[PDB]
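Okay, so here's just one chain, in structure tokens, the form deposited without guanosine-5'-monophosphate (5GP).
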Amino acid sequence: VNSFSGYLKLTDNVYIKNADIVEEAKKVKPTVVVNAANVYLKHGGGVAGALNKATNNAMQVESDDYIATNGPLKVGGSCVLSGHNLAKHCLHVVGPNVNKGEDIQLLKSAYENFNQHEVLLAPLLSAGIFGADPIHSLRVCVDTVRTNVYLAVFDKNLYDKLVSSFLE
């Protein structure tokens, strides 16, 4: 459990690896995997789509039941659901979608959710379709998260860019 290998230590508590977060979850068996969620927990693409596909749609079936009963999340908010075959727990965190005019300031609130878990496997929040600058997201992660966070970045050129930012 929580067998993270090959990570680069950026700060006392933030580590980063050029890896596919699904293959990391399968290798590492983390207590917590973080999903880059939306407020309706519709896992139709990006990390959310990849994680749900890896669970054989278990995640989407559970999420649909959660939303029908409980209503949507708030931007900056989170819920803990089953980690299925990937982790003990999935922390579904909603970062702002700046592509849709949501406030980038809520990225701090999104990362604050990580502090309720001792160790996490996570993507950068508000990246990809959510439209935030990934170098900014990593800075907010480092500034906000006090617990141990292992970041998985799939794209090599983005990974090198991110590492060249805290180290150059």
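A residue's number is simply how far along the shown sequence it sits, counting from 1.
Form solved in complex with guanosine-5'-monophosphate (5GP): not shown, discussed below.
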* Asked: Is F114 close enough to touch guanosine-5'-monophosphate (5GP) in the deposited bound form, meaning at least one heavy atom pair within 4.5 Å?
  -> no
* To do: Would you please decide whether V47 lies within 4.5 angstroms of guanosine-5'-monophosphate (5GP) in the deposited bound form, comparing each non-hydrogen atom pair?
  => yes
* To do: Answer for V61 alone: is it within 4.5 Å of guanosine-5'-monophosphate (5GP) in the deposited bound form, judged on heavy atom distances?
  => no
* Contact label in the deposited bound form: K42 to guanosine-5'-monophosphate (5GP), heavy atom within 4.5 Å -> yes
* Heavy atom within 4.5 Å of guanosine-5'-monophosphate (5GP) in the deposited bound form - qualifying residues of 115-135 -> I129, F130
